[PDB]
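**Student:** Sequence, then structure. It's an experimental one.
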Amino acid sequence: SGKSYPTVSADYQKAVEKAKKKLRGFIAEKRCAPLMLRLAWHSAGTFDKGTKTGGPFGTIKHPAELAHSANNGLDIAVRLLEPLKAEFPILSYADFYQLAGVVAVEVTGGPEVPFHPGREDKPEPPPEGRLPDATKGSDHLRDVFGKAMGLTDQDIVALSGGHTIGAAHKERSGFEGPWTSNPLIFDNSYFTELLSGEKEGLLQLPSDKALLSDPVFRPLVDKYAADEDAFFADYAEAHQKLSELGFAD
Ligand code: HEM
Ligand SMILES: O=C(NO)c1ccccc1O
Ligand code: NA
């Protein structure tokens, strides 16, 4: 929607296809899908529509951006991918990381998020502080996803469902544990667990709980808890948009 994707060479397209396969096997074996989804989303989620700065242009590999507190632990993800990236010198880091995020969702059983190549790596990381704060609520979520990224309220709730895989770590954010009973399985359980309340061994952030009390977010939580197909459709739409912020406009 509103996108005009660039032309890339046949050899570039060949590399995308081969890298997709290599990433599947690597991410599945290493059990790092959630960390790779977090990497891709943290790279993309810095987009500010007003200034057209940040976004999915490969800058998350820069030591300066990895040092942002919201990126605690993503240095591990960058290191894990570097040997594989080196097998695909023709690819931009931006394309590679966004492809890794799409693959992370696929190999855990989630929707097939469309992918288009051609992002060009940008020289300078954006300023720290654009990623969302786990202790804040719905006004903050709309500031970050809406006023900065330019995504919709539907996209906020669907993308929050990325917590359906993975966990927090007390040494990284300070929060601790998985949102779901099957942290390597991508399904609608994040919403089921959010709605059933606190269960021992499972995590809810204040930012997750904010979805339950908001008049626009709550009907979406309910929809996704009742209808995984609907969640998968809206998730794929939102993740594609996120992965393409500032790209091919
Ligand atoms: C809605 C606002 C969000 C907030 C406040 C938030 C906050 C957090 C926090 C505090 C952690 C734990 C980090 C750690 O301690 O390891 C985390 C992890 C994670 N986030 Fe988010 N997040 C948000 C949105 C998203 C989005 C949009 C996605 C992707 C679609 C996402 C994907 C993930 C994943 C997969 C993990 C698990 C990482 C792992 O298992 O190592 N999050 N998030
Ligand atoms: O990993 C995160 N989000 O996915 C995250 C981690 C720490 C602080 C804020 C955040 O948004
Ligand atoms: Na899960």
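**Tutor:** Good, I have the coordinates. Residues are numbered from 1 along each chain as shown. Ligands and ions are numbered 1, 2, ... in the order given.
**Student:** Helices of this protein, start to end?
**Tutor:** Shown for the chain, the helices assigned by DSSP state H span residues 10-30, 33-44, 63-66, 74-85, 93-107, 138-141, 153-160, 189-196, 206-213, 217-226, 228-243.
**Student:** Show me what counts as buried in the last one.
**Tutor:** Of the residues in helix 228-243, those buried by neighbour count under the rule 16 or more other Cβ atoms under 10 Å are 228, 231-232, 234-243. C-beta: built from backbone N, CA, C; applies to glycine.
**Student:** Could you chop this protein up by domain?
**Tutor:** What curated CATH domains lists as the domains of the chain is 1-131+239-249, 132-238.
**Student:** between the ones you listed, which gets nearest to ligand 3?
**Tutor:** For ligand 3, the closest of the domains of the chain is domain 132-238, at 3.5 Å, according to Cβ to the ion.
**Student:** near ligand 1, anything from that closest one?
**Tutor:** Yes. Domain 132-238 is in contact with ligand 1 by Cβ under 6 Å from any ligand atom, via 132, 134, 141, 159-160, 162-163, 165-169, 172-173, 175, 205, 207.
**Student:** Quick check: end-to-end length of that domain?
**Tutor:** Using Cα to Cα, to the nearest Å, the end-to-end distance of domain 132-238 comes to 16 Å.
**Student:** at contact distance from ligand 2, anything in that domain?
**Tutor:** Yes. Contact of domain 132-238 with ligand 2 (Cβ under 6 Å from any ligand atom) involves 132, 134, 173.
**Student:** Please report which of those residues has the highest neighbour count.
**Tutor:** Within those, residue 132 tops the neighbour count with 18 neighbours, counted by other Cβ atoms under 10 Å.
**Student:** Spit out the contact partners of that residue.
**Tutor:** Taking Cβ atoms under 8 Å, 6 or more residues apart in numbering as the criterion, residue 132 is in contact with 45, 140, 141, 144, 145, 207.
**Student:** can you redo those as JSON lines with neighbour count?
**Tutor:** Shown next, in JSON lines, are those (neighbours: other Cβ atoms under 10 Å):
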{"residue": "45", "neighbour count": "23"}
{"residue": "140", "neighbour count": "16"}
{"residue": "141", "neighbour count": "22"}
{"residue": "144", "neighbour count": "21"}
{"residue": "145", "neighbour count": "22"}
{"residue": "207", "neighbour count": "19"}
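**Student:** That concludes my questions; thank you for your assistance.
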